[PDB]
Amino acid sequence: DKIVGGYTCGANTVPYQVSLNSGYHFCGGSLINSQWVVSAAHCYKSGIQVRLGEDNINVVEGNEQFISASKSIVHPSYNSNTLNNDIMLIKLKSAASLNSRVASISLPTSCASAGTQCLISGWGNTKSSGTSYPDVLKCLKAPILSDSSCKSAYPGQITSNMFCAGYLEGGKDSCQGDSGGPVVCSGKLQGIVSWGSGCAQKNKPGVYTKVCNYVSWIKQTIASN
Amino acid sequence: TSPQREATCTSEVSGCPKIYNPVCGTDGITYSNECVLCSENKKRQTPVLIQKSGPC
Ligand SMILES: [Ca+2]
């Protein structure tokens, strides 16, 4: 659809979802505790405002939290040319006040296998003439693909820190404005929305940063900052 | 063409990042990011340039 094959969902359903705002919504993120957010490294900008408890990013419904980012820490081996290690930490200036629309997502203990179904969320929408923009909060269930089939879709491009999720027939995907947001598999954060060849195209599934490779880096980075 | 800024797109992947960082084509289309305008161009025999940053 206009929601890239997904379904609409609310901030109660995905309370760990956040918006990154620099005058407009450019990326998503996930809340991993009261003060910290995980996003994609290519989402790095200066002067990010984090918006939590959002149902509509265009309308202030009186139940959202707007918190400035105090610190943004991009993985030290992030390569913008290959998108490898596409993961960033954001420290909020103050702690979020946690409630039904605002809560944090657990980090994985093990990696997810092929065929595990996950939930991908974000504000990425697509208009008619294939033109993508943020608006409605949408959700999508998608499987994790085998590494074979992912490398077969993007030959030479897939590193050990990426996985593919989605449907080889297309129609359902994440798209521009979804970058940095959550892929949650059985209550754990297993992915971050990273890249793809277009959106919801046949034989071109979305490509996500594999968060299980990073759990120690994340935990030690948070703890020393 | 009625120009004034190319897209500088040096990606080593055959895909674009899913960030919303719009640019206004000289054609009058809003491209959700510069990488998208790039990939769109490469299947064109006449490149659209960037009229302004932000949506048209
Ligand atoms: Ca709102």
Side-chain angles (χ1 to χ4, degrees), chain A residues 4-6 14 16-18 20 27-30 32 37-44 74-75 77-80 82-89 105-108 110-124 132 138-154 157-168 170 172-201 203-215 217-218, chain B residues 11 13-20 35:
Chain A
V4 205
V14 285
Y16 48 79
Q17 173 74 234
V18 308
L20 304 187
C27 281
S30 301
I32 67 174
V37 170
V38 58
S39 189
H42 70 260
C43 292
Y44 178 76
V74 170
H75 195 279
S77 314
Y78 171 60
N79 183 346
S80 59
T82 68
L83 294 179
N84 192 202
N85 308 113
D86 191 19
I87 183 153
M88 179 178 59
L89 291 165
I105 187 62
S106 302
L107 291 177
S110 70
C111 294
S113 65
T116 306
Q117 195 124 79
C118 302
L119 184 60
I120 307 160
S121 52
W123 282 276
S132 306
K138 66 155 200 319
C139 286
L140 181 71
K141 306 178 183 66
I144 296 175
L145 300 187
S146 75
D147 180 71
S148 307
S149 77
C150 192
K151 290 181 164 166
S152 189
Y154 301 99
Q157 303 162 247
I158 301 304
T159 81
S160 60
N161 305 303
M162 294 171 194
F163 69 89
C164 290
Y167 300 91
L168 285 180
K172 295 189 172 190
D173 207 353
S174 58
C175 204
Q176 267 69 204
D178 289 336
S179 269
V183 179
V184 164
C185 313
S186 63
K188 260 60 185 190
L189 190 64
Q190 291 285 353
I192 299 170
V193 181
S194 184
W195 63 279
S197 169
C199 307
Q201 298 189 324
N203 298 326
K204 297 298 185 204
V207 183
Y208 301 88
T209 307
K210 206 179 181 173
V211 176
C212 63
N213 298 341
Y214 300 95
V215 177
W217 177 73
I218 294 169
Chain B
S11 197
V13 295
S14 304
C16 294
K18 296 182 176 168
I19 188 177
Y20 181 59
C35 177

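Letters go in sequence order (proteins before strands), and every chain restarts at 1. Side chains are part of it too, since the values below use all heavy atoms of this structure and drop only hydrogens, waters and symmetry mates.
By the 4.5 Å heavy-atom criterion applied to side chains, A:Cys139 and A:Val14 are counted as neighbours. Here the side chains of A:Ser174 and A:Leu140 are not in contact, with every heavy-atom distance at 4.5 Å or above. Within the 4.5 Å cutoff, side-chain heavy atoms of A:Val38 are placed close to those of A:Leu89. A heavy-atom distance below 4.5 Å is not found between the side chains of A:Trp195 and A:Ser179. Inter-residue side-chain proximity for A:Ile192 and A:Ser39 is flagged as unmet; no heavy-atom pair is nearer than 4.5 Å. Put simply, the side chain of A:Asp173 reaches to within 4.5 Å of the side chain of B:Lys18, judged on heavy atoms. Two residues are said to be in side-chain contact when any heavy atoms from C-beta on lie closer than 4.5 Å; A:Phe163 and A:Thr209 fail this criterion. Using a 4.5 Å cut-off on side-chain heavy atoms (C-beta onward), A:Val207 and B:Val13 make no contact.
Judged as a salt bridge (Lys or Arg N to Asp or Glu O under 4.0 Å), and not counting sequence neighbours, A:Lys141 has no contacts. Residues satisfying the side chain to side chain contact (heavy atoms under 4.5 Å, CB included) test with A:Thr116, not counting sequence neighbours, are A:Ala112, A:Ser113, A:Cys118, A:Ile144, A:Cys185. With sequence neighbours left out, the side chain to side chain contact (heavy atoms under 4.5 Å, CB included) criterion links A:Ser186 to no other residue. With sequence neighbours left out, A:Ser149 forms a side chain to side chain contact (heavy atoms under 4.5 Å, CB included) with A:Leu145, A:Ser146. For A:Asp86, the side-chain hydrogen bond (donor to acceptor under 3.5 Å, both in side chains) partners at least two apart in sequence or on another chain are A:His42, A:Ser194. Scanning for side chain to side chain contact (heavy atoms under 4.5 Å, CB included) contacts around A:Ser197 gives A:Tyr154, A:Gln201, A:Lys204, with sequence neighbours left out. For A:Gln17, the side-chain hydrogen bond (donor to acceptor under 3.5 Å, both in side chains) criterion is met by A:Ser121, not counting sequence neighbours. Taking the ring pair (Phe, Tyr, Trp, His ring centres under 6.0 Å) definition, one finds that A:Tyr16 meets it with nothing, sequence neighbours left out. Under the side-chain hydrogen bond (donor to acceptor under 3.5 Å, both in side chains) criterion, A:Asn203 pairs with no residue, sequence neighbours left out. With sequence neighbours left out, A:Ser132 forms a side-chain hydrogen bond (donor to acceptor under 3.5 Å, both in side chains) with A:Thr126.
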Under the side chain to side chain contact (heavy atoms under 4.5 Å, CB included) criterion, do A:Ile32 and A:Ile105 qualify, and how do the steps go?
CA-CA 5 Å; A:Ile32 67 174; A:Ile105 187 62; 4.3 Å; yes
Pair A:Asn84-A:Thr159, side chain to side chain donor-acceptor pair (under 3.5 Å): steps then yes or no: CA-CA 7 Å; A:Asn84 192 202; A:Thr159 81; 2.7 Å; yes
Hey, mind stepping through A:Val211 and A:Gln190 against side chain to side chain contact (heavy atoms under 4.5 Å, CB included) and telling me if it holds?
CA-CA 5 Å; A:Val211 176; A:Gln190 291 285 353; 5.6 Å; no
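Nearest heavy-atom pair across A:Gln157 and A:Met162 is O-SD, 3.5 Å.
Distance CG/A:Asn85 to OG/A:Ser77: 5.0 Å, rounded to 0.5 Å.
Using the six-membered ring where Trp is involved, A:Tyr214 and A:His75 have ring planes that are perpendicular, over 60° apart on the 30 and 60° scheme.
Applying the salt bridge (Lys or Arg N to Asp or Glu O under 4.0 Å) rule to pairs touching residues 174-190 of chain A yields A:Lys138-A:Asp178, sequence neighbours excluded.
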